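All values below come from the heavy atoms of this structure, side chains included, with hydrogens, waters and symmetry mates left out. Order of the sequence lines sets the chain letters (A, B, ...), proteins ahead of strands, with each chain counted from 1.
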Amino acid sequence: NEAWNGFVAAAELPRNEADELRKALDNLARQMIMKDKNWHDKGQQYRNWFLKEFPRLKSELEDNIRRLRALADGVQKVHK
Amino acid sequence: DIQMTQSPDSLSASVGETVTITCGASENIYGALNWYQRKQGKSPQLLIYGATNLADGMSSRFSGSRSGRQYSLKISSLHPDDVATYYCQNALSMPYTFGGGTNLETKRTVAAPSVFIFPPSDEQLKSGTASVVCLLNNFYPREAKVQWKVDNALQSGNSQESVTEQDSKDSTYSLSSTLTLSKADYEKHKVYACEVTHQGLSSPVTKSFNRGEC
Amino acid sequence: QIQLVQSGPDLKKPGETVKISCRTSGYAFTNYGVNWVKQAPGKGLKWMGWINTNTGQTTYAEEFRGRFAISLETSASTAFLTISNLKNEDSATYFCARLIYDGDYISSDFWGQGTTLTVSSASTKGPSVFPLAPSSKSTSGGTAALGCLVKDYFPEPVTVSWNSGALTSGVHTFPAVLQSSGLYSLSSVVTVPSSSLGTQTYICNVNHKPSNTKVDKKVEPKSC
């Protein structure tokens, strides 16, 4: 916890930013439920609403996760 | 480490049917999933990468899909040359663990074996031993029975047999059985016969020869 | 063409060391990784480990930390798998494969042919190769069956081709059987036209590398 938290800061790993992005998703949910009066019906309409606003957020988080795991393993990258 | 749980262990289907094999990852692996095809006695070959991407040169009949932690490989129209073991693989982080594999076999119509027999060679007889070979060619289903009879006496304890992998073209099996005797024992008897039972045969087929006859 | 060519099958005694080579060609060797896979009897594939062909970093699965070592000969575009203190359970077929990472996904896209290792106190024995001559007893519907009996060898594998690989249709090379002696036998057969037995030559090429056996046996109809 001591040494590697220094590496985060030293290397400018946007670690706190990722965490805060989660918290913003948590917040978006909380604010949305209180405003709506209740949402289970329709759940899919809210799923459509979000994807429309953030069409590639989930996709790109998966992309970067895979790339971070690959980097951490030291895998050799090629283009095409 | 990530566990890959593959299902089913084996399955069979008729040519032209669609097949689905599935793989469960012990945790989310975010699409980092490969499928491989391993034909009997051959090296595994990459089939799918990134869960849904068809490896170059592989058949478009293969496709991959994903639902959460569940990954599926689909064959849209089974061909005989699809007989193989199929493996999923965690490709997110090392170790790149393989699933246990799924054996795929083809179903087809009943086919009776063609039966052939081979006396021992003169070269082998020279060396002091006699192996007699009974060949059951291209039959289906795999279950077949061979009995050896020497001068119409049922043999026991002196033969070995093995069956091939399913044929990648006609979906049949073949079987080879060898009766091995000492040269001395071989020369004590006249008629060597192998008797074959199989679903495609309404009664046993016997192939035989008389020792020393051309 | 991209190729990975591995060294041949080997018989080793427990405690000994084996080095398995993986000679690559047809691409920039130091741009892709190499990883190794252990094929156990049956269905099992076990990922063993990986080496970075640029830096030389290696990573092994837990099961293969101790006695397994991946190395390089960059000038020869070759990677090696060295297994030390060979133990009984090391008997398997080992595969090398190129590891490609395209910025998104990581996979073994090209594979070696595999190397079959047998760990045994038993010594090698080369096969005797006998003809299975075509005759009236191996004919049906205008076709004739013929073959070779490859008898009494150790260890696996034996390879069999027909006519130096030019004859493959209708060939069945059967799984070997284990004899009481602990020696193996196998047969390889082929069905051919009856009509051309008089014009065609059929030769089974038998290779048992552990005993340096290389036999080419011509299989002819019996004459009398």
Handout entry: Taking every non-hydrogen atom, the tightest pair across C:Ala145 and B:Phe118
Key =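 Minimum heavy-atom separation between C:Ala145 and B:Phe118: O-CE2, 3.5 Å.
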Could you list the residues that satisfy ring-ring contact (aromatic ring centres under 6.0 Å, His included) with [X], not counting sequence neighbours?
{"X": "C:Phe64", "value": "C:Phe68"}
{"X": "C:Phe154", "value": "none"}
{"X": "C:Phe110", "value": "none"}

Atom group of [X] that falls short of 4.5 Å from chain B, counting heavy atoms:
{"X": "C:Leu99", "answer": "side chain"}
{"X": "C:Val177", "answer": "both"}
{"X": "C:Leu149", "answer": "side chain"}

Which atoms of [X] are under 4.5 Å from chain C, going by heavy atoms: the side chain, the backbone, both sets, or neither?
{"X": "B:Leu92", "value": "backbone"}
{"X": "B:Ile117", "value": "both"}
{"X": "B:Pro44", "value": "both"}

Would you mind checking chain B against chain C for donor-acceptor pairs under 3.5 Å and listing them?
residue  : atom : partner  : partner atom : Å
B:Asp9   : O    : C:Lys43  : NZ           : 2.9
B:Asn34  : ND2  : C:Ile106 : O            : 2.9
B:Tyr36  : OH   : C:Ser108 : N            : 3.1
B:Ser43  : OG   : C:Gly112 : O            : 2.7
B:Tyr87  : OH   : C:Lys43  : O            : 2.2
B:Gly101 : O    : C:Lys43  : NZ           : 3.1
B:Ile117 : N    : C:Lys137 : O            : 3.2
B:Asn137 : ND2  : C:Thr191 : OG1          : 3.3
B:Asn138 : OD1  : C:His172 : NE2          : 3.0
B:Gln160 : NE2  : C:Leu178 : O            : 2.6
B:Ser162 : OG   : C:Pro175 : O            : 2.7
B:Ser174 : OG   : C:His172 : NE2          : 3.1
B:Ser176 : OG   : C:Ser187 : OG           : 2.9
B:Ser208 : O    : C:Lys137 : NZ           : 2.9

Handout entry: Heavy-atom pair count under 4.5 Å with chain C, highest-scoring of B:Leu46, B:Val115, B:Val133
Key =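 If we count pairs closer than 4.5 Å to chain C, B:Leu46 comes out on top.
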Problem - Check: B:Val163 and C:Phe174 side chains under 4.5 Å, non-hydrogen atoms - result: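 When only atoms from C-beta onward are counted, B:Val163 and C:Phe174 do not touch, as no gap falls below 4.5 Å.
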